[PDB]
Structures are given as C-alpha cells and as structure tokens.
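These notes are about the structure you will find just below.
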Amino acid sequence: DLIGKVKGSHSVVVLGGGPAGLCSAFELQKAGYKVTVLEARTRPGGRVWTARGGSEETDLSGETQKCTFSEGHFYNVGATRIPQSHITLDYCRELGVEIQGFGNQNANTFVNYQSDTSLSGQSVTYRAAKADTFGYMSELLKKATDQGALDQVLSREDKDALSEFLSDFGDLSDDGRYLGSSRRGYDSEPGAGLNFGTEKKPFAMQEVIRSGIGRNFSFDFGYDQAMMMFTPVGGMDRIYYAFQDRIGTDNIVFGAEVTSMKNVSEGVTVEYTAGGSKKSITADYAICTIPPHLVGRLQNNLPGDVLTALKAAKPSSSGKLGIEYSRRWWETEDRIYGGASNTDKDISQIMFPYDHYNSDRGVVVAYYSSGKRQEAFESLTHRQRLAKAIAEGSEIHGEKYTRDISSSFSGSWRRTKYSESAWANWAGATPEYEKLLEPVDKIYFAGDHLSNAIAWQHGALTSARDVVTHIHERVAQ
Amino acid sequence: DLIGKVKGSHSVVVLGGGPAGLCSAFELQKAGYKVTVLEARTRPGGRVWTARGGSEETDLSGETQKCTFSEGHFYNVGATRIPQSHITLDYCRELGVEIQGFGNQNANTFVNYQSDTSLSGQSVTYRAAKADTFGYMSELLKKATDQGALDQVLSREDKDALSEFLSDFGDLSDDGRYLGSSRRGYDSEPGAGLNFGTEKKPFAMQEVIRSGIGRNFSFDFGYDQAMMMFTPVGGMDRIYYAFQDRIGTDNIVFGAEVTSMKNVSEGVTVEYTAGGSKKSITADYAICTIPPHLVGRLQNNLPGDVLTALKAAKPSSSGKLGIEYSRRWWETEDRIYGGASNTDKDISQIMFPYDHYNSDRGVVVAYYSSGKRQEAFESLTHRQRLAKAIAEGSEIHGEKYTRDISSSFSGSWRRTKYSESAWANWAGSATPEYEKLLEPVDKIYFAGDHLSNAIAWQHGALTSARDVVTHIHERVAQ
Ligand SMILES: Cc1cc2nc3c(=O)[nH]c(=O)nc-3n(C[C@H](O)[C@H](O)[C@H](O)COP(=O)(O)OP(=O)(O)OC[C@H]3O[C@@H](n4cnc5c(N)ncnc54)[C@H](O)[C@@H]3O)c2cc1C
Ligand SMILES: Cc1cc2nc3c(=O)[nH]c(=O)nc-3n(C[C@H](O)[C@H](O)[C@H](O)COP(=O)(O)OP(=O)(O)OC[C@H]3O[C@@H](n4cnc5c(N)ncnc54)[C@H](O)[C@@H]3O)c2cc1C
Ligand SMILES: N[C@@H](Cc1ccccc1)C(=O)O
Ligand SMILES: N[C@@H](Cc1ccccc1)C(=O)O
C-alpha cells in the first residue's frame, strides 16, 4: 500500500482524468479520502488515446475525423509500448488488464535512408543491415588487433579473447574477413531436398559506412525501449477504463472543462463547465494535472514566479496516422509480423500491428513522427496527411502500400484540444521544474512533465504517487 | 494450391503422424486422394509435444512421469518457437491456430559463465553485458581509427562516419571513452521529481573481455532465431491437433506400431500392431516419416544402399525440464517477462514463459540442453534431473529459484519411445546419403525434417511433406 488509512474527513479535487489524475484519485480513495475527478473530454486517459470504429475527434483547426476501423481493430494514437521496469505494468496487474508482447525490434522490417551512395532511398532489412555493419566492424577491429595497434592496452590473452568474440559476432571467415552471412537472410527460402535456398549477398564496406544504414541500431539499447516490451491487449486505454471503473463514475465528471482554480480560505475552489452549465466545487486540496502550458489560461491566484515556471515546459509536436488494410500484405508478402520500418523521410517510421496475426485485415501506423517531421503533417488536412503518408510508405514497402486501403485516422497532438502538446520540453532538473514540485499552498501539480520519465506513463504514475504521499503526510501533521 | 485435384481413385499410406506425416495426409486429401495415417503414439505431432496436466509418458528406461500442471499451464517439450520465414506460420493461418509473440531476446534475463575473472559465475543482465561489451568494443575501434591503423582501408570521410556511429553505438563520452551508460540499467528506478534513480556502474575493460559475457550475443542474429519470433497460443501441439481434425480421426490409426514396410506388386504393404492385433494395409504409394534410425528395425525389402544411407543420419541428444512455480518471481522480483537466461552450466539456459503475464503461477523451462550437456541429464531419474536443475538454476537466479515449486516434468528425446533422437546430424555434413534418400524406392517415399535444409525445424518437415506430395501427384498425373 502506498499510504495508510487517513483519519477523519478530507477531500481532494483532481483536475484532469489522464493517467496522473486517475492514479491520484485511485490511491487517495483507497486510503479513505473523498475524491472528485474533473475531466474535460468524454473519455478517460488523456494522451493515452486508442482509436477504434466510432471514435470522433474535432481538432483545433475545426476538422472532424470519424474513425471507421473494423470491429476489434484499433491503434494507439499516443502511448503504445511499455518496458519491463515501469510501474505501468504493476498497475496492469492490480487492475486486471491483460498485457501482451509489443514488437519493438524486428529483423524483417526495413531501413531506408538518403545518402551519397547507391543505397540512397533503397529498402534494406534490419538483419541484412546489421550483418553487414557488424561484419565489417568486427573485421576492422580484428585487423587492428592483429596488426598490433592495441598492444599497449590489450595483453596477448586479451587479444585472443577479443578475436574469438569478433569472429563470432561478425560471422567472419577463418582468415578474419566479412564475406557475407546467412544472418543477412535469403532471396529464396531454404526448403527440403536440394532446395538449399539463396543467401542475400553483402554490400561493400564503403557502401555500408557511407550510407549510414546503422544509424538506428542503438535504439534497441534504450533503457526504456529494449526488448522485451509490452502493451495491453485491445489498446492502451484499457488501463484507464479500468481505473475509471475502480474509482466509480459517480466520482468523475466527464465533459467538465475547468475554467478557474483558486486557493481560498475554505480550501481550493475549482469552477468548470459541464453540459453547457456552470458548476463549482471546493475541496481541501487540489491536484492539477492539466498540461502546464494550459494552466495559465485558467482564472487563478498562482504567484507570478509559478506562472513563469509553467511557461518553461515547452509544448512538443508529435502525431500518428493509422491505415486499415483489408489484406495483411506485410505478413503475407514481406514476412513482417509486428515491429517498425525506420526512415529519414517525414513519416519517420511505419509500425506494424502486434495483434490479429494471420487475420484478414489490420491497422498499420503509417507514420509516428515528432518535431520537424511532424510539423510537416500538423498543418495538412487529414486527406493530405494520408496522401503524403501513402506516397512515402510506397517508397519503402512498394506499390502494395497503396492498395487494399479501407479507411484511416490521424492525430496531431499539438492540434488536439486539451493536450496541445505531445509532451513537455523544459527550457534549458531545471529551476522551473524544481519550483513546480512544491505545493502552491493547497494546490499540487502532477504529471509526466514533473518526472524523469517524460512521455512515459511511468512518469505520470510516479508523479501521482509522490503527490498523494505528500498530501497524506501533510494531513498527518 | 499446392496441387489441384487428382483424377480417379488413388491411395497413400503415411507412416507416422508427426508434422511431415500429417502435412502429407492433409495435402493429399485436399487433392482427392484416399489417405491413411499410422501413428504409434496416441497423440498427433511426434517431436512436437506439449506437456500439460494429465500427460503421462514412460521413457525407455522404464520410468513413468505424470504431469500435474495447473489447468491452462504447459510447456513445449520439443518445438516451441517459429521465425517469420517458416511455412509453419502459413499453416497456422490455414488451420486457424492463433499465434502470439515468443520472447527470444530479453535485456533483463541473465548471462552466467565461468572465467578467470571476478565475473566468473556471476549473473549479469544482457543489457549490462551488452552495454559494457559494445562500449569497450566501440572505444577500442575508435582508438584504432584515430591512431591511423585503418588509414589504408578507410578514407577521412569514412573514419568520421565510423567514429560518429561508434560514439552512438557504444554510448561513448565526448572524448571517446566508455564510462558507463543508462543502457546498463538501474539499481534504483528513475521516478518523479528529484528521484533520478541510480545507474548500475560498468565493469572494467579487461574483466569484460576475459569474462566472455558476450559469447552468446550472436544468437540474436541467427536467421531462424532473430526477433520477431512466434508460437501458438496454448501449445505448439495445437497445430497438429488442428491437422488431425481436418484430416479426420477416421483416417488416422493411433496406437499403430508399424513393424513391416514392403514394396509389392500393387503398391506398398505395411504391417502394424494396433489393439493387440496384427494388421495390414496396402496402398498405391507410401510416405515413410519414421525417424531414419528407426526405419532399419522394420521388416522391409529396401535395397542395401538405401539401408546404408539411412544409417548416415546420426541421432542426437536434447531435453527439457519444466517447473511450475506458484509465484511468478521472475516477473515480480527480477522484472523478467519471457526470454531466457544463458549459461555454460549443463542446464544451458532457463526459459521464462510467454503467456499468463502478471498472473499467479507459471511454468519455467529449467533447462533446455543438447549434445554433451544433455548427456548429463539423460541417465538421471526425473527426481535427479530436477535436483540438478534447481541447484544450477539457483546459482544463476538465487535462492528464490528453490522456492514456490509446485510440480515438474521432463523429456529426454534420445530416451523417448518412437523418437530416440531430437534430430539428425548427417555424417560428412548435401551428403551422398541425404541425396540418395530423396529418391523414391519404387512406390516408397521418405519424408521428414532430416531430408531438408531446416533440420530441427517444423519448416523442414512441412517442406519435405509438400515436396514429396508434389512428386507423387506429378507421377500419378503421368
Ligand atoms: C505520441 C505519444 C506517444 C507516447 N508514447 C508512450 C509510450 O509508448 N508509452 C508510455 O508509457 N507513454 C507514452 N506516451 C506518454 C503518455 O501518454 C503520457 O506520459 C501520459 O498520458 C501522461 O499523463 P498525464 O496525466 O500527466 O497527462 P495527460 O495524459 O495529458 O492528461 C491530462 C488530462 O487533463 C485533461 N484536461 C486538459 N485541460 C483540462 C481542463 N481545462 N479541464 C479538465 N481537464 C482538462 C485532459 O483532457 C487529459 O485527460 C506517449 C504520448 C504521446 C502523445
Ligand atoms: C528438443 C527439440 C526442440 C525443437 N525446437 C524446435 C522449435 O522451437 N521450432 C520448430 O519449428 N521445430 C523445433 N523442433 C523440431 C520439430 O519438432 C521437428 O522438426 C518435427 O517434429 C519433425 O517432424 P517429422 O514428421 O519429420 O518427425 P517426428 O516429429 O519425429 O514424427 C515422426 C512420427 O513417427 C512416429 N513413429 C515412430 N516410429 C513409428 C512406428 N514404428 N510406427 C508408427 N509411427 C511411428 C512417431 O511417433 C512420430 O509421431 C524441435 C524438436 C526437438 C526434439
Ligand atoms: N516514450 C515515447 C516517446 C519517445 C519516442 C522515442 C524515443 C524516446 C521517446 C515513445 O516510446 O514513443
Ligand atoms: N530449432 C531448434 C534447435 C536449435 C537450437 C538453437 C539454434 C538452432 C536451432 C530450436 O530452436 O531450439
């Protein structure tokens, strides 16, 4: 248990029913606090949003999209993947939310980059790219070692041990050269009898280096990205519907747009509009999880140095687009089951689904891009976004990318009401971040921006837990 | 799609209801052949065997094991993982057998090897082992490049490109040194506010190189092992129960031990014992999928050079042991969800389950060893296998490995009736003997994973079946 049982009658109002808000309310309720959550949207989860058939969204440009994905088919427009260390998995267990493997690495997906080589714009599988890169890397370090270049820092025994590793890691010939490998894959698959198949031949050392085909390999090593990675069966939003149900909808007001938040003699008073009607609630403490750039728009009595600190958490651009295909060509033709293709094109990456394997249809994330390469979609209409995503995807996966398209749905987080940002980018552990960890009398800020895991649910959930702990210790004093 | 309708009445007898035999029968039926499968066991699938509560097996030493795993819990004693290129996945689609991801790579599982270093017998997570190994590897190659050691094979522009990659790949400092990385993981997890967490510090360069903690990294790159990998929900044997159902149990005789196979005037006559009785069946053709070392034991009229060729496929040793734990300590304490720990100990590896994540119990494959390191278990009783498995596993995963044990079940394939081998190794390894056995012996065709270029993969058995059925069909067409 996070905290013990509270003695007496104590109330909290939670602004925002995303992960930080719902986790706060869940934990406070467990301990015996009175809690009310005010959420502007008509769904729980915030930047955890799962698009299915029937989903409707009107963005800040006034364009309304209506998702028409087939029954049971979806994609996560925000959060989609979870590493093994995150407390998100602990809450999945507590809430009874089934998880499954998320394909965050795949030998069969493609890399495709521009360069001053003949590989420019050419799709190469990860396994082929890796075998060539690690083959030539190993050959080069083995050459230097045999030449005696590392004799000052490696003993004879060190050199022999290193050589053994390099021959294995690079699949080097007996004389220490990279000549290609079964690790690259096969143009024709090995079968039975005298059907030996046909190995894919290697690129040259200069092609590999000058093409930069290994630029994305270190992604595999990210602490928060390395396999094994996980995701909830049926969508990430299931975590937050589970929180909703445990908290009880009697304790959550949806469609409730907060317009004012003030420290008062009697606690904290929050005004909000729900169903076109003006409402007000007062509680002993408030937990404000509204994104920091949106807090200054509220009528408030926050001190000037607090309003200035909130402005330091700069909005960031990111977005996604999902296409439902009526044929799972990526599985049938490319032998790709999950994972992502990676590119320097604006689409940035194409992410293939982790469910309905071997079914008749599925949703492909045709882009997940951020920063400059999301600015390139942000201002386009959905029809224009789709046309650009299909053109760029066809340059990676061929003309099959343009066929058997049923429907599509996009989100751009800077253009999304009640978000207007994918995640915070603090100006310059900064002074403004540290300032916002302190309560403003009875108002506490919480969210993934006030964590060391920004753009992870873990960040939001750990922020909620720390803030609930601080409120509880205060009440005990 | 393989073949398109046969004209008239034609019959095939299939010896063995493992993957090759069942795939053969399935495709022949679809084309309009009369087919009968004779299978010695009471289950379909052969070396694809899934142990669950109720499974009973008496091995060739006379020991009987009775599996008591909880309902829904199992492990694959043979085949368990499938790469994306294998036709096994295409048959899962055709048969409606749902698949899920198999965790074949995991940053959080452990490596544990003996060496003449302080890391000898110490468990290190894959992510820490990789971060140190690739960090120092990258430092050393950058050092050699800067020195001018590779000036005869790399241009100025190549060297800068290589240096850029190495700084990123090895997470090097600005001045080119490996000094640790967040990639190693954390002794305290980064949280909110000023809770930054604490990184795990790096081992020293000579320790890392001499420990051999990177000796298994290349496994990740195997053509048939690289992620993404897959497996059927509920057990690998689900493929072969699905084949069974499509073929029809009326066309499969279980508990049918074949004793004779002979070419005769009208085709092939196969004698077998079933229900205690000596029975005979004659068909136009035969497809023999019995493991090659067991074919010689049959009464037969095969030519001497075919009998000699069958002996070249030497049997091998492999086995597994599964333990059901009543607490999923690997998830709750070690944050391991699937994957395998790897070691030089006899157990060889410890494989964590890919289903029932976050649940209350699970089966861990406490060893999967082959060759010399399976010979260490072969002659042990199950109780002795378990003790050895727990002792060695506790040296990798701690005292927790010894607690919350509910039940266990093991298989050793050389000691398993109607297998007596995990898979074949051809002497001289195509070899002449392999080539010879691709030819029909009048109306008898051999099929199985040993007659493929994917030995020890279901893909080998299935492609062998499809090639042999195509040969028979083209011959019947004329
Ligand atoms: C593109 C993208 C990719 C991501 N990838 C990952 C990933 O794969 N895995 C991972 O774990 N996480 C990922 N995340 C991060 C994850 O979504 C966030 O960390 C998490 O949603 C943060 O929760 P929060 O409660 O701090 O904020 P939010 O989710 O933004 O919740 C804030 C809430 O406040 C509400 N609100 C706003 N204004 C008002 C108002 N005036 N009145 C009342 N309510 C209001 C909003 O509607 C919202 O529900 C991703 C997010 C995005 C957008
Ligand atoms: C430990 C191990 C791990 C493996 N790992 C993988 C993996 O993860 N993925 C994968 O794809 N493959 C794996 N395999 C390989 C896979 O199991 C085989 O490729 C496949 O089972 C071969 O099929 P088969 O029909 O050639 O032979 P078998 O499966 O051996 O079938 C032969 C059949 O003949 C029957 N038989 C024997 N004698 C008689 C008799 N006298 N009369 C009647 N019937 C008889 C047997 O009972 C059996 O059913 C593994 C196998 C083992 C043992
Ligand atoms: N955590 C988010 C944002 C992110 C993307 C890429 C790398 C790091 C951060 C995600 O996994 O998509
Ligand atoms: N195909 C078998 C045997 C094997 C083991 C390791 C590498 C190559 C193949 C398995 O996956 O276990």
Side-chain angles (χ1 to χ4, degrees), chain A residues 15-23 38-41 43-49 76-82 86 88 236 256-259 272 289-291 294 297-298 318-320 368 370 411 413 417-419 422-423 446-449 453-460 463-464, chain B residues 15-23 38-41 43-49 76-82 86 88 219 222 224-225 231 236 256-259 272 289-291 294 297-298 318-320 368 370 411 413 417-419 421-423 447-450 454-461 464-465:
Chain A
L15 298 68
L22 296 172
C23 180
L38 300 173
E39 170 53 40
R41 293 177 161 121
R43 58 175 180 84
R47 281 176 277 142
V48 183
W49 180 30
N76 293 136
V77 190
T80 204
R81 57 194 167 192
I82 312 162
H86 282 187
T88 320
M236 190 72 70
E257 180 180 316
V258 175
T259 56
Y272 67 94
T289 78
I290 293 171
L294 306 180
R297 302 182 183 173
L298 301 175
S318 191
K320 302 191 186 179
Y368 167 30
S370 303
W413 288 97
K417 195 164 186 57
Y418 309 124
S419 294
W423 50 69
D448 70 339
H449 58 293
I454 305 175
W456 296 101
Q457 295 161 277
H458 184 257
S463 177
Chain B
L15 296 74
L22 293 167
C23 180
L38 310 174
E39 169 52 41
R41 294 177 163 118
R43 61 184 178 76
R47 282 174 277 142
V48 181
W49 177 32
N76 294 137
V77 190
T80 203
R81 57 191 162 188
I82 309 163
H86 279 13
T88 318
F219 185 84
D224 306 289
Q225 298 293 351
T231 196
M236 193 67 69
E257 181 171 327
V258 174
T259 58
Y272 66 94
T289 77
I290 292 172
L294 301 179
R297 303 180 185 179
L298 302 176
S318 194
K320 297 189 190 183
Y368 169 28
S370 299
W413 287 98
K417 195 173 180 53
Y418 306 122
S419 293
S421 181
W423 51 79
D449 70 340
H450 58 291
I455 302 181
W457 293 106
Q458 297 164 89
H459 174 86
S464 181

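For ligands, and for the atoms within them, numbers begin at 1 and follow the listed sequence. Hydrogens, waters and symmetry mates play no part in the numbers below; they use all other heavy atoms, side chains included. So you know, we letter chains A, B, ... as the sequences are listed, proteins then strands, and number each from 1.
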Which of the ligand 2 atoms, numbered from 1, are nearer than 4.0 Å to a heavy atom of [X]:
{"X": "B:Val48", "value": "17 (O), 21 (O)"}
{"X": "B:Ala256", "value": "42 (N), 43 (C)"}
{"X": "B:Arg41", "value": "46 (C), 47 (O), 48 (C), 49 (O)"}
{"X": "B:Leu38", "value": "43 (C), 44 (N)"}
{"X": "B:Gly448", "value": "26 (O)"}
{"X": "B:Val258", "value": "40 (C), 41 (N), 42 (N), 43 (C)"}
{"X": "B:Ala422", "value": "53 (C)"}

Nearest to [atom] by heavy atom, [options]: which?
{"atom": "atom 52 (C) of ligand 1", "options": "A:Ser463, A:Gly46, A:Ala464, A:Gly78", "answer": "A:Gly78"}
{"atom": "atom 40 (C) of ligand 1", "options": "A:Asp448, A:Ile290, A:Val77, A:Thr88", "answer": "A:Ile290"}
{"atom": "atom 33 (C) of ligand 2", "options": "B:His459, B:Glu39, B:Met236", "answer": "B:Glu39"}
{"atom": "atom 44 (N) of ligand 1", "options": "A:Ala40, A:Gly459, A:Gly45, A:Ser318", "answer": "A:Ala40"}
{"atom": "atom 31 (O) of ligand 1", "options": "A:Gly18, A:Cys23, A:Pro291, A:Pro44", "answer": "A:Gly18"}
{"atom": "atom 15 (C) of ligand 1", "options": "A:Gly411, A:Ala455, A:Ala79", "answer": "A:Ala455"}
{"atom": "atom 2 (C) of ligand 1", "options": "A:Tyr418, A:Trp456, A:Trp423", "answer": "A:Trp423"}

Report yes if the side chains of [X] and [Y] come closer than 4.5 Å at any heavy-atom pair, otherwise no.
{"X": "A:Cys23", "Y": "A:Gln457", "answer": "no"}
{"X": "B:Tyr418", "Y": "B:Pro291", "answer": "no"}
{"X": "B:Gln225", "Y": "B:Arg81", "answer": "yes"}
{"X": "B:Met236", "Y": "B:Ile82", "answer": "yes"}

Polar atom proximity, [X] to ligand 1 (N or O, under 3.5 Å):
{"X": "A:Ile82", "value": "no"}
{"X": "A:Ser419", "value": "no"}
{"X": "A:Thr80", "value": "yes"}
{"X": "A:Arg47", "value": "yes"}

Atom of [X], atom of [Y] and distance for their closest heavy-atom approach:
{"X": "B:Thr289", "Y": "B:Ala20", "value": "CG2-CB, 3.8 Å"}
{"X": "B:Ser421", "Y": "B:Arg47", "value": "O-CD, 3.7 Å"}
{"X": "B:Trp413", "Y": "B:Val77", "value": "NE1-O, 3.1 Å"}
{"X": "A:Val48", "Y": "A:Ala79", "value": "CG2-CB, 3.8 Å"}
{"X": "B:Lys320", "Y": "B:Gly78", "value": "NZ-O, 2.7 Å"}
{"X": "B:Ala461", "Y": "B:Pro19", "value": "CB-CB, 4.1 Å"}

For this session: Look at the rings of A:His458 and A:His86 and say which category their plane angle falls in: under 30° parallel, 30 to 60° tilted, over 60° perpendicular.
Result: parallel

Interatomic spacing from [atom1] in [X] to [atom2] in [Y] - rounded to 0.5 Å:
{"X": "A:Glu39", "Y": "A:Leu15", "atom1": "CD", "atom2": "CG", "answer": "10.5 Å"}
{"X": "A:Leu298", "Y": "A:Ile290", "atom1": "CG", "atom2": "CD1", "answer": "5.0 Å"}
{"X": "B:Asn76", "Y": "B:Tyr368", "atom1": "CG", "atom2": "OH", "answer": "11.0 Å"}

Problem set entry | Partners passing ring pair (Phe, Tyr, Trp, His ring centres under 6.0 Å) against A:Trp423 (at least two apart in sequence or in another chain) | none

Problem set entry | Sub-4.0 Å heavy-atom environment of ligand 4, residues by chain | B:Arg81, B:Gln225, B:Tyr368, B:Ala456, B:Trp457

Per-residue contact class, [X] against ligand 1 - non-hydrogen pairs under 4.0 Å:
{"X": "A:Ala446", "answer": "neither"}
{"X": "A:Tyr368", "answer": "side chain"}
{"X": "A:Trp413", "answer": "side chain"}

Has the side chain of [X] got a donor or acceptor atom that lies under 3.5 Å from a matching backbone atom of [Y]?
{"X": "B:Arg41", "Y": "B:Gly18", "result": "no"}
{"X": "A:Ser370", "Y": "A:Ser318", "result": "no"}
{"X": "B:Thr231", "Y": "B:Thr80", "result": "yes"}

For this session: Check whether any heavy atom of B:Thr289 sits under 4.0 Å from an atom of ligand 2.
Result: yes

For this session: May I ask whether B:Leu15 has any heavy atom positioned less than 4.0 angstrom from an atom of ligand 2?
Result: no

Nearest non-hydrogen protein atom, [atom]:
{"atom": "atom 10 (C) of ligand 2", "value": "B:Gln458 NE2, 3.4 Å"}
{"atom": "atom 23 (O) of ligand 2", "value": "B:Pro19 CD, 3.3 Å"}
{"atom": "atom 34 (O) of ligand 1", "value": "A:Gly16 CA, 3.5 Å"}
{"atom": "atom 25 (O) of ligand 2", "value": "B:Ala20 N, 2.9 Å"}

For this session: Using a strict cut-off of 4.0 Å, indicate which atoms of ligand 1 neighbour a heavy atom of A:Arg81.
Result: 7 (C), 8 (O), 9 (N), 10 (C), 11 (O)

